[PDB]
Each structure stands twice: as C-alpha cells, then as structure tokens.
$ cat target.cif   # mmCIF, N, CA and C atoms
data_structure
#
loop_
_atom_site.label_atom_id
_atom_site.label_comp_id
_atom_site.auth_asym_id
_atom_site.auth_seq_id
_atom_site.Cartn_x
_atom_site.Cartn_y
_atom_site.Cartn_z
N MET A 1 -21.53 -21.49 18.15
CA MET A 1 -20.65 -22.57 17.74
C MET A 1 -20.44 -22.56 16.23
N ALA A 2 -19.30 -22.01 15.80
CA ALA A 2 -18.98 -21.89 14.39
C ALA A 2 -17.54 -22.31 14.14
N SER A 3 -17.02 -22.00 12.95
CA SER A 3 -15.65 -22.35 12.61
C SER A 3 -14.62 -21.62 13.46
N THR A 4 -15.03 -20.57 14.19
CA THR A 4 -14.10 -19.85 15.05
C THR A 4 -13.77 -20.65 16.31
N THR A 5 -14.70 -21.49 16.77
CA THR A 5 -14.47 -22.29 17.97
C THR A 5 -13.41 -23.36 17.77
N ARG A 6 -12.99 -23.61 16.53
CA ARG A 6 -11.99 -24.63 16.23
C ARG A 6 -10.61 -24.04 15.99
N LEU A 7 -10.39 -22.78 16.37
CA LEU A 7 -9.12 -22.12 16.06
C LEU A 7 -7.97 -22.67 16.90
N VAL A 8 -8.20 -22.87 18.20
CA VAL A 8 -7.13 -23.33 19.08
C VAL A 8 -6.72 -24.76 18.73
N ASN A 9 -7.70 -25.62 18.47
CA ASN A 9 -7.39 -26.98 18.04
C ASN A 9 -6.69 -26.97 16.68
N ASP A 10 -7.10 -26.06 15.80
CA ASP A 10 -6.43 -25.92 14.52
C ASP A 10 -4.96 -25.55 14.71
N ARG A 11 -4.68 -24.63 15.63
CA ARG A 11 -3.29 -24.26 15.89
C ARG A 11 -2.52 -25.42 16.50
N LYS A 12 -3.14 -26.18 17.40
CA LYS A 12 -2.48 -27.35 17.97
C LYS A 12 -2.07 -28.33 16.88
N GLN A 13 -3.02 -28.67 16.01
CA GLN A 13 -2.72 -29.61 14.93
C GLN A 13 -1.66 -29.05 13.99
N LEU A 14 -1.73 -27.75 13.69
CA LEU A 14 -0.76 -27.14 12.80
C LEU A 14 0.64 -27.19 13.39
N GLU A 15 0.78 -26.91 14.69
CA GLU A 15 2.08 -27.01 15.33
C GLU A 15 2.61 -28.44 15.29
N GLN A 16 1.74 -29.42 15.55
CA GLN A 16 2.18 -30.81 15.49
C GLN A 16 2.68 -31.17 14.10
N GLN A 17 1.93 -30.77 13.06
CA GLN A 17 2.35 -31.07 11.69
C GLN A 17 3.64 -30.36 11.32
N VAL A 18 3.80 -29.10 11.75
CA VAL A 18 5.02 -28.36 11.44
C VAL A 18 6.23 -29.05 12.07
N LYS A 19 6.11 -29.46 13.33
CA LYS A 19 7.20 -30.19 13.96
C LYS A 19 7.49 -31.49 13.22
N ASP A 20 6.43 -32.24 12.87
CA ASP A 20 6.62 -33.54 12.24
C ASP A 20 7.31 -33.41 10.89
N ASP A 21 6.89 -32.46 10.06
CA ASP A 21 7.47 -32.33 8.73
C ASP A 21 8.74 -31.49 8.71
N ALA A 22 9.08 -30.81 9.81
CA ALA A 22 10.41 -30.24 9.93
C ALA A 22 11.42 -31.27 10.40
N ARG A 23 10.95 -32.30 11.12
CA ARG A 23 11.83 -33.41 11.47
C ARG A 23 12.24 -34.22 10.25
N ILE A 24 11.37 -34.31 9.24
CA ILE A 24 11.63 -35.16 8.08
C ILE A 24 12.77 -34.60 7.24
N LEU A 25 12.72 -33.30 6.95
CA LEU A 25 13.71 -32.69 6.06
C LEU A 25 15.01 -32.35 6.76
N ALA A 26 15.05 -32.40 8.09
CA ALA A 26 16.28 -32.07 8.81
C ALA A 26 17.37 -33.09 8.50
N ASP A 27 18.57 -32.59 8.23
CA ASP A 27 19.70 -33.46 7.96
C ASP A 27 20.29 -34.00 9.27
N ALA A 28 20.60 -35.29 9.27
CA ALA A 28 21.07 -35.98 10.47
C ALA A 28 22.43 -36.59 10.19
N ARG A 29 23.39 -36.32 11.06
CA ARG A 29 24.74 -36.85 10.95
C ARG A 29 25.15 -37.47 12.28
N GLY A 30 25.84 -38.61 12.20
CA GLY A 30 26.35 -39.24 13.40
C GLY A 30 27.44 -38.40 14.03
N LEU A 31 27.53 -38.48 15.36
CA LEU A 31 28.52 -37.73 16.12
C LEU A 31 29.50 -38.70 16.76
N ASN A 32 30.76 -38.27 16.90
CA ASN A 32 31.79 -39.11 17.57
C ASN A 32 31.60 -39.06 19.09
N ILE A 33 31.62 -40.22 19.75
CA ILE A 33 31.53 -40.26 21.23
C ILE A 33 32.97 -40.22 21.73
N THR A 34 33.32 -39.20 22.52
CA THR A 34 34.71 -39.08 23.06
C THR A 34 34.73 -39.06 24.59
N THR A 35 33.76 -39.66 25.27
CA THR A 35 33.71 -39.55 26.76
C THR A 35 33.93 -40.89 27.46
N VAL A 36 34.30 -41.96 26.76
CA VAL A 36 34.41 -43.27 27.47
C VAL A 36 35.59 -43.22 28.43
N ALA A 37 35.39 -43.66 29.68
CA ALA A 37 36.46 -43.63 30.71
C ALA A 37 35.98 -44.35 31.98
N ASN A 38 36.88 -45.04 32.69
CA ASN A 38 36.52 -45.77 33.90
C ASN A 38 36.90 -44.87 35.08
N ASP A 39 36.00 -43.95 35.42
CA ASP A 39 36.24 -42.97 36.47
C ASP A 39 35.02 -42.83 37.37
N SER A 40 34.47 -43.95 37.81
CA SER A 40 33.26 -43.98 38.63
C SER A 40 33.45 -44.89 39.83
N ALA A 41 34.56 -44.71 40.54
CA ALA A 41 34.88 -45.55 41.69
C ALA A 41 34.06 -45.16 42.91
N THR A 42 34.11 -46.01 43.93
CA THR A 42 33.44 -45.78 45.20
C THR A 42 34.46 -45.80 46.33
N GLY A 43 34.24 -44.96 47.33
CA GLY A 43 35.13 -44.85 48.47
C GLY A 43 34.63 -45.62 49.67
N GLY A 44 35.13 -45.24 50.84
CA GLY A 44 34.74 -45.87 52.08
C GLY A 44 35.90 -46.14 53.01
N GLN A 45 35.64 -46.78 54.14
CA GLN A 45 36.67 -47.10 55.12
C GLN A 45 37.01 -48.59 55.04
N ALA A 46 38.30 -48.89 55.05
CA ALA A 46 38.75 -50.27 54.95
C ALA A 46 38.43 -51.04 56.22
N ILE A 47 37.98 -52.28 56.04
CA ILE A 47 37.70 -53.16 57.19
C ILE A 47 39.01 -53.87 57.50
N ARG A 48 39.85 -53.20 58.28
CA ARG A 48 41.15 -53.74 58.63
C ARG A 48 41.01 -54.82 59.70
N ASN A 49 41.79 -55.88 59.56
CA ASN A 49 41.76 -56.95 60.55
C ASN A 49 42.53 -56.54 61.80
N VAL A 50 42.12 -57.11 62.93
CA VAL A 50 42.75 -56.85 64.22
C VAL A 50 43.16 -58.19 64.82
N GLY A 51 44.32 -58.21 65.46
CA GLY A 51 44.85 -59.42 66.03
C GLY A 51 46.21 -59.21 66.65
N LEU B 61 48.87 -35.93 91.40
CA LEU B 61 49.19 -37.32 91.11
C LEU B 61 47.95 -38.09 90.65
N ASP B 62 46.82 -37.39 90.56
CA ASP B 62 45.58 -38.00 90.11
C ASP B 62 45.31 -37.76 88.63
N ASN B 63 45.75 -36.64 88.08
CA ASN B 63 45.58 -36.32 86.67
C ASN B 63 46.78 -36.69 85.82
N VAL B 64 47.76 -37.40 86.39
CA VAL B 64 48.94 -37.79 85.63
C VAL B 64 48.58 -38.79 84.54
N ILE B 65 47.51 -39.57 84.73
CA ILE B 65 47.10 -40.55 83.74
C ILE B 65 45.98 -40.05 82.83
N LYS B 66 45.28 -38.98 83.22
CA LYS B 66 44.29 -38.39 82.32
C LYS B 66 44.95 -37.85 81.06
N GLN B 67 46.10 -37.20 81.20
CA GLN B 67 46.83 -36.73 80.02
C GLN B 67 47.27 -37.90 79.15
N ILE B 68 47.69 -39.00 79.77
CA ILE B 68 48.10 -40.18 79.01
C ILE B 68 46.93 -40.74 78.22
N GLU B 69 45.76 -40.85 78.87
CA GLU B 69 44.58 -41.35 78.18
C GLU B 69 44.17 -40.44 77.03
N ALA B 70 44.19 -39.12 77.27
CA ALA B 70 43.82 -38.17 76.22
C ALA B 70 44.78 -38.25 75.04
N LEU B 71 46.09 -38.33 75.32
CA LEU B 71 47.06 -38.43 74.24
C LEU B 71 46.91 -39.73 73.47
N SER B 72 46.63 -40.84 74.17
CA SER B 72 46.41 -42.11 73.50
C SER B 72 45.18 -42.05 72.59
N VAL B 73 44.10 -41.44 73.07
CA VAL B 73 42.89 -41.33 72.26
C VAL B 73 43.13 -40.42 71.06
N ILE B 74 43.88 -39.34 71.25
CA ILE B 74 44.13 -38.41 70.15
C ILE B 74 45.02 -39.05 69.09
N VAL B 75 46.09 -39.74 69.51
CA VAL B 75 46.94 -40.40 68.53
C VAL B 75 46.20 -41.56 67.87
N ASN B 76 45.21 -42.13 68.57
CA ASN B 76 44.38 -43.16 67.96
C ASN B 76 43.57 -42.63 66.79
N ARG B 77 43.39 -41.30 66.74
CA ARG B 77 42.60 -40.67 65.64
C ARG B 77 43.51 -40.45 64.43
N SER B 78 44.83 -40.45 64.64
CA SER B 78 45.76 -40.36 63.48
C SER B 78 45.68 -41.68 62.71
N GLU B 79 44.97 -41.71 61.58
CA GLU B 79 44.77 -42.99 60.84
C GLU B 79 46.11 -43.52 60.33
N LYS B 80 46.35 -44.83 60.46
CA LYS B 80 47.60 -45.45 59.97
C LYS B 80 47.25 -46.59 59.01
N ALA B 81 47.84 -46.60 57.81
CA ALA B 81 47.59 -47.69 56.84
C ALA B 81 48.17 -49.00 57.36
N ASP B 82 47.47 -50.12 57.14
CA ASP B 82 47.95 -51.44 57.62
C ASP B 82 48.23 -52.36 56.43
N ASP B 83 49.42 -52.97 56.38
CA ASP B 83 49.76 -53.92 55.29
C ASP B 83 49.56 -55.35 55.81
N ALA B 84 48.98 -55.49 57.01
CA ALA B 84 48.76 -56.83 57.61
C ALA B 84 48.10 -57.77 56.59
N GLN B 85 47.21 -57.24 55.74
CA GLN B 85 46.48 -58.12 54.79
C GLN B 85 47.17 -58.11 53.43
N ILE B 86 48.04 -57.13 53.16
CA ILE B 86 48.66 -57.01 51.80
C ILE B 86 50.02 -57.71 51.67
N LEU B 87 50.20 -58.54 50.63
CA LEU B 87 51.44 -59.22 50.31
C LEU B 87 52.11 -58.57 49.10
N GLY B 88 53.34 -59.00 48.83
CA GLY B 88 54.10 -58.49 47.72
C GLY B 88 54.90 -59.56 47.01
N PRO B 89 55.41 -59.24 45.82
CA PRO B 89 56.20 -60.22 45.07
C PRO B 89 57.53 -60.51 45.75
N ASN B 90 58.05 -61.71 45.50
CA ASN B 90 59.30 -62.15 46.11
C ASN B 90 59.99 -63.15 45.19
N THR B 91 61.28 -63.35 45.44
CA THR B 91 62.09 -64.32 44.70
C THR B 91 62.95 -65.11 45.67
N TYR B 92 63.22 -66.36 45.31
CA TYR B 92 64.13 -67.19 46.10
C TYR B 92 65.56 -66.67 45.98
N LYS B 93 66.30 -66.75 47.08
CA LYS B 93 67.68 -66.27 47.11
C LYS B 93 68.63 -67.40 46.74
N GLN B 94 69.63 -67.07 45.93
CA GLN B 94 70.57 -68.05 45.41
C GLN B 94 71.69 -68.29 46.41
N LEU B 95 71.89 -69.56 46.77
CA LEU B 95 72.89 -69.88 47.83
C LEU B 95 74.25 -70.16 47.19
N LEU B 96 75.33 -69.89 47.92
CA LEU B 96 76.67 -70.06 47.31
C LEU B 96 76.88 -71.54 47.00
N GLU B 97 77.28 -71.85 45.76
CA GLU B 97 77.42 -73.28 45.34
C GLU B 97 78.70 -73.46 44.53
N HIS B 98 79.57 -74.37 44.97
CA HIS B 98 80.79 -74.66 44.18
C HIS B 98 80.67 -76.10 43.67
N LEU B 99 80.66 -76.31 42.35
CA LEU B 99 80.65 -77.71 41.85
C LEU B 99 81.81 -77.95 40.87
N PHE B 100 82.43 -79.13 40.94
CA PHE B 100 83.56 -79.46 40.03
C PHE B 100 83.40 -80.89 39.52
N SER B 101 84.22 -81.29 38.55
CA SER B 101 84.16 -82.66 37.98
C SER B 101 85.56 -83.30 37.97
#
$ encode --input "target.cif" --output "structure tokens"
Amino acid sequence: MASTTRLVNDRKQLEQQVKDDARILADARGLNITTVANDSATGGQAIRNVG
Amino acid sequence: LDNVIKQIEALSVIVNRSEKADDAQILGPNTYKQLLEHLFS
C-alpha cells in the first residue's frame, strides 16, 4: 500500500477537475428557438349521433 | 330463390363499411332573406 494504489482515484479526480474548469472558460451564447408550432393533434373516430 | 337475399345482405354490409361523413350535428352560417317591400308617402 503506497502512493501507487491512489493512481486510479487520482485520475478520477483529475478528470472531474478538467471537466469542471473547462466548463468555466467555455464561451456560452444564446441560441434562437425556431421550432414553435401547434402540430400535435390527436385522431380517432367520431361519435356520430343516430336517430 | 334461397340465396337471392344473401347477396343483398352481403352488399348492404359491404356498403356499410364505406364510411360516410355526417353533418347531422354540424350547423352553418345563415342570413335572413329580404322580402319584397313597396312603401310610399
């Protein structure tokens, strides 16, 4: 049990830190939403009256 | 003379499968009609 047994955990922590500090410097820009539309209807059979 | 009505029943059932739209429940716009009117003074 030496400093070599901590290598995998060291890599786990290093990957977490790399992701975290690459998220900080990444530039973020808003995007335009162009998908709004009322196209989600439902079908079926009409309940026609009889008489 | 026994199968003369079997064909009728089969044709009635088959045409019953041809779906037909019904306006029985649907109404439409309308206007009052103007009646001939002569007025003088």
$ resolve_selection --input "target.cif" --expression "the PyMOL selection byres ((chain B) within 8 of (chain A))" --output "list in words"
residues 82, 84 and 85 of chain B
$ write_last_selection --input "target.cif" --atoms "N, CA and C atoms" --output "CSV table (one decimal), keeping the file's coordinate frame"
chain,number,residue,atom,x,y,z
B,82,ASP,N,47.5,-50.1,57.1
B,82,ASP,CA,48.0,-51.4,57.6
B,82,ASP,C,48.2,-52.4,56.4
B,84,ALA,N,49.0,-55.5,57.0
B,84,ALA,CA,48.8,-56.8,57.6
B,84,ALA,C,48.1,-57.8,56.6
B,85,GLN,N,47.2,-57.2,55.7
B,85,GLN,CA,46.5,-58.1,54.8
B,85,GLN,C,47.2,-58.1,53.4
$ atom_distance --input "target.cif" --atom1 "atom CA of residue A:45" --atom2 "atom N of residue B:78"
14.2 Å
$ atom_distance --input "target.cif" --atom1 "atom CA of residue B:87" --atom2 "atom CA of residue A:47"
16.5 Å
$ select_by_dssp --input "target.cif" --residues "chain B" --states "alpha helix (DSSP H)" --output "list in words"
residues 64, 65, 66, 67, 68, 69, 70, 71, 72, 73, 74, 75, 76 and 77 of chain B
$ atom_distance --input "target.cif" --atom1 "atom CA of residue B:83" --atom2 "atom CA of residue A:38"
26.4 Å
$ axis_aligned_box --input "target.cif" --around "stretch 3-19 of chain A" --padding-each-side "5 Å" --output "JSON"
{"center_x": -4.8, "center_y": -25.7, "center_z": 15.2, "size_x": 34.5, "size_y": 21.6, "size_z": 17.8}
